[PDB]
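Only one chain is given next, in structure tokens, and it is the form deposited in one PDB entry.
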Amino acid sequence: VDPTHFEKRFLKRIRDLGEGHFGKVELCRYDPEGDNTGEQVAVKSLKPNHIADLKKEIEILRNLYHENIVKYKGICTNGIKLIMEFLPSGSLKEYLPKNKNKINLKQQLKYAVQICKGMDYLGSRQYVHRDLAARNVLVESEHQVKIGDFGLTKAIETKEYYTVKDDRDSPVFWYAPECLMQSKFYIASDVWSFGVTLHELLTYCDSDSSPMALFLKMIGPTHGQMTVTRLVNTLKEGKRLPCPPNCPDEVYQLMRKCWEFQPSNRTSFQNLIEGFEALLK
């Protein structure tokens, strides 16, 4: 028997966990016994082409092994489903609003370290994530977080960046200037998205403090097609997202080092780790 092969007949849909534009993740129970004692697993499938994309995401996740990366469990098979461990606390977007009392600054800085280690492990395997947002960070417990989606993850050739072809559903408010302008994607461009994720983490993912809601105030919500070009000017000028409430200046400076206009002048994941670890001591 292949413990990574899940049979369709025993894979039972419970509820939806989230969706992209072509993908969706559901909570399922893999129940071969038929008595509802089987394990709960998270299942990624296509929304009814993108089979090639999902297949590449599977092969990428299958070979990543890190405590801050959601565990690959297997596949369900021309169609295919990705089986992962299920994390009941969901994403930081779900968890943080409901757990402000439990999650103090020290714990948010520990989550920040964990995101950086998982992201640094990804960079080391020569991958650019391209979609680092609090909605993609899963909560394992009060003491641990995991990167939980690799839907936009691309390999970097030999080259320092991956060049973007499809960009119509780009999370623009999480994107570095080189991504919004040229459509290039470096490890340093994931550092920029980490800065924005760190901002979300510090504001406990509150809808009103979202990087989009905030950036739409800094530019205007009624600009339709011109939003990105107007956003590109803001960053060109030198305007950044504000310091989150109750966020120490030492923390906000580590965040600003993620937001240098030029990728080569940006901090690394290793520097952020050292910087966060010094504040925790």
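For the two forms, the rigid core is made up of the largest set of C-alpha atoms that agree within 1.5 Å on superposition. Start at 1 with the first residue shown and count on from there.
In what follows, reference is made to the form deposited in another entry, a form of this protein that is not presented.
After superposing the rigid core, the Cα of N246 is displaced by less than 2 Å between the shown form and the other one. Once you line up the core between the shown form and the other one, the Cα of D166 ends up 2 Å or more from where it was. Once you line up the core between the shown form and the other one, the Cα of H223 ends up 2 Å or more from where it was. Compared with the form shown here, the Cα atoms of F22 and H199 move at least 3 Å closer together in the other form. In the other form, the Cα-Cα separation between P221 and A134 grows by 3 Å or more relative to the displayed conformation.
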